[PDB]
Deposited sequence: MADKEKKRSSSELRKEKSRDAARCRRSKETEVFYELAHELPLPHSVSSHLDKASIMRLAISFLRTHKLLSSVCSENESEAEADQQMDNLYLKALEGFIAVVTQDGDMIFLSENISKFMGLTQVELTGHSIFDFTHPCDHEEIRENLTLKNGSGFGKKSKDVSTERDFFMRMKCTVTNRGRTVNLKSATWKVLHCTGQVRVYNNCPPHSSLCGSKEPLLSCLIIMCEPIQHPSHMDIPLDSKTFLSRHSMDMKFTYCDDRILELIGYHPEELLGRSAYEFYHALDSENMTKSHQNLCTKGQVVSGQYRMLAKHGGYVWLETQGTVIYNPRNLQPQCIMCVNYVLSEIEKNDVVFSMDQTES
């Protein structure tokens, strides 16, 4: 009689929105977690709206729904693509158990109480290996808190060494000391804003910001260092002649492999514009001649 209740699990497991490859393979506790989280899921969905291979694939990050009590009630399938950890392994469980603990207070705050949220978290990654040997991975998380419940997208930032995607002419690349001082720049830099890298080698990046941006950026630098990666808000960089060009950068700390000491920041820089105020000269560097 145990025999069958056990087998009843199987029909249940199967007719979750999961393939039998991933439905069949379950100890029951899992099936519990899962059934319920699915329900709750459907519930708040109803609370919102008052063949789908493409959304999933088109994505570069995954969606998570989490209670205010931290329970990761929903998780995208393709999370495994990014985190390795497969949605079945996680749903129902507390976020904190899988997030870097120092980053948890931040987590706690964004969970609670403008309903808008944007922050970075380090989460366990196993891509592939097992969890004991699970290294941390930064997720840019962007979403909305609702009724308490947090709904987000978690976009891994990508690592400049290991490209998954093509670049275009309006993208250039730069290397910087921890100081943010340039150490390297590709010479699309020239094509794009006018500076020749030999000029900018000795220089802290800070000299090229338009000021309004500075603050927005400082936090970014800080986050770049506490977590090891960042995506900047959009900001203006001063072009070599007057005016500036809008920008967004993916900062990524690279370590010395033999040394495990950090070496520099690798910046994927995205130029969003042409020079806007050719007319206006802002800083002493644009003034020569």
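J.: Give the ranges of the deposited sequence, numbered from 1, for which the structure holds no C-alpha coordinates, in sequence order.
T.: Missing from the model are residues 1-24, 75-85, 149-161, 176-180, 201-218.
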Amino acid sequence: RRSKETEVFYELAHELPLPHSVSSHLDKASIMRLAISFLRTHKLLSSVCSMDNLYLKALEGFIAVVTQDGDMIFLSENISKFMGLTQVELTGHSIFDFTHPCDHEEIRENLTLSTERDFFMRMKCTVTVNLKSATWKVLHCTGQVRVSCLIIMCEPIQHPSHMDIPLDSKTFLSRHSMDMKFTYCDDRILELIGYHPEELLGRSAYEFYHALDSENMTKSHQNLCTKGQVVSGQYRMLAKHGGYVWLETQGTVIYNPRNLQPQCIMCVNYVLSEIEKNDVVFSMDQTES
From here on, numbers count along this sequence of modelled residues.
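For clarity, a rigid core is taken as the largest C-alpha set superposing within 1.5 Å between two forms.
J.: Name the stretch that deviates more in 6 other deposited structures of this protein: 210-218, or 137-145? Use RMS CA distance to the shown form, core superposed.
T.: Stretch with the larger root mean square C-alpha distance in 6 other deposited structures of this protein: 210-218.
J.: Relative to the other PDB entries of this protein in the set, is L18 coordinate-less in at least a third?
T.: That residue is missing from at least a third of the other compared entries.
J.: Per the PDB record, is the mean Cα temperature factor higher over 9-17 or over 275-283?
T.: Between 9-17 and 275-283, it is 9-17 that shows the higher mean C-alpha B-factor.
J.: Compare the mean C-alpha B-factor of 41-49 with that of 242-250 as given in the PDB entry, and name the stretch with the higher value.
T.: Going by the record's values, the stretch with the higher mean is 41-49.
J.: Looking at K181, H93, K219, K132, which has the biggest Cα B factor in the entry?
T.: Spelled out: the listed residue with the top C-alpha B-factor is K132.
J.: Quick one: which of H196, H104, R122, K81 has the biggest Cα B-factor according to the entry?
T.: Max CA B-factor in the entry, restricted to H196, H104, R122, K81: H196.
J.: Which third of the chain holds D213 when residues are ordered by C-alpha B factor: lowest, middle or highest?
T.: It falls in the bottom third of the chain.
J.: How does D186 rank on Cα B-factor within its chain, lowest, middle or highest third?
T.: CA B-factor rank for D186: lowest third.
J.: Sorting the chain's modelled residues by C-alpha B-factor, tell me whether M163 ends up in the lowest, middle or highest third.
T.: It belongs to the highest third of the chain when residues are ordered by C-alpha B-factor.
J.: Going by the recorded CA B-factors, say which third of the chain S114 sits in, lowest, middle or highest.
T.: Lowest third, going by the recorded CA B-factors of the chain.
J.: Ranking every modelled residue in this chain by its Cα temperature factor as given in the entry, which third contains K57?
T.: Tercile = middle for this residue's CA B-factor.
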